[PDB]
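Quick heads-up: it's one chain on its own, the form deposited in one PDB entry, in structure tokens.
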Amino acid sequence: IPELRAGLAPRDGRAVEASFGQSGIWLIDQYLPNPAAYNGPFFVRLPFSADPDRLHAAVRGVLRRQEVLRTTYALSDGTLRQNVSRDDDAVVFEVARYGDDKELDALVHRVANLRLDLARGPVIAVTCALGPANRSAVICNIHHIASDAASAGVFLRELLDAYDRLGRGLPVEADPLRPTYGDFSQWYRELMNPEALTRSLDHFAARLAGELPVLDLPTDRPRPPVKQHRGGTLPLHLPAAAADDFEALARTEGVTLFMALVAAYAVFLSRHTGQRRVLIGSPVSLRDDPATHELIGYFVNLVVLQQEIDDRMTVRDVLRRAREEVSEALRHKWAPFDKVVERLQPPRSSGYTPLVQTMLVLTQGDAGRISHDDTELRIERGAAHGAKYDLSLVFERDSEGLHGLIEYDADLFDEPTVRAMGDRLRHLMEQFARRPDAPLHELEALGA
């Protein structure tokens, strides 16, 4: 994997082709809601009362430092291009007030429900929310084509740095030595040369050959002819003790926390659906190179994980099988998801996604929190989304430990059905940590 370098893309004004990820997203763009919440609009509670004029000036400084925020998109001769403008004020901005969490969440909903224009911009919105004494919040929506979950922490770190510099009368300008998203886009095209691309597409095409299962969860409603894009969320409420034993389980069995979550979720899906084979999508970060860690952009590729489950496997068996599947997938993680779909030529339907109908995410680092000025600031996500998937399981591990959230499609589910699912999943995860040797058929269902 070659290092990413600044200037790989022409610095002479010519528009770089959109990245593989961006191309996939632009082709989907209707005026639909954000497809998921975990990578969508976000806010941060600040322990001071931000000055609005200086905060707006700080935002302009972030636009100057983050070229993807100044990028719009257009087809030119059959190629989707990244057109970069010099307008550092291309942001949907407002100053508003809140006196309690309800009023703050109302401001969050207004930002979160914006439908930003990829051809004309802006591709970012920021609200400076002024709260009760010494409290304020920054609310932000960066279009999916221009961001990923980690971009939220990158944005806030850059914003707060700029706010502080401006306060001190210091300049806030682009770092010419940092690579751009345009540089990354060209680097990725060079990495996916014809041989390398064919090799990774060949891998998934073999792994995922034949008649793939379509997730068959019990639902409260049949899938409707007209999808309404109405996403819900519900906390998993995984006890802190079990969450800690689950992390210990992963460590002692020699798998990553993500591998163990994949395994537990696959057993949950297999039980609920009745299906032996289950497919789980996961958005894998492409920020391997430290040169990408301070950039806003779409540095993710969706991979498909296939698991087979039966009730004579042990907890340990399914952890080890998750380890093998995840290990092999991550080796081939640069093969763009939409090209995998194209190779597999799935039978696609309106409403249900290609290849995968559910996802599992583990939120880490800049997607969940930052430190600024020796203060830990949590990145909080809005709850509105378009329910691209039937269900998404979004996990995060903080100091109190690991916690989870279920993003779900309200076209299919009433909330008490999702609460029941979440109860069964957390129960399974607690059993995993207690009985790693047990055959799955000995892990009794909740309420037996």
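In this text, the rigid core denotes the largest set of C-alpha atoms whose superposition between the two forms falls within 1.5 Å. All residue numbers refer to positions in the sequence shown, first residue = 1.
FYI, the form deposited in another entry isn't displayed, but the following is about it.
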query	finding
Position with Cα shift of 2 Å or more, rigid core superposed between the shown form and the other one, options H372, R277, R271, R165	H372
Core superposition between the shown form and the other one, C-alpha change of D29 at least 2 Å	no
Is_shifted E400 between the shown form and the other one (CA, 2 Å cut-off, rigid core)	yes
Shift in CA distance, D366 and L8, in the other entry relative to the form shown here, given it is 3 Å or more	farther
Sense of CA distance change between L55 and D366 in the other entry, threshold 3 Å	farther
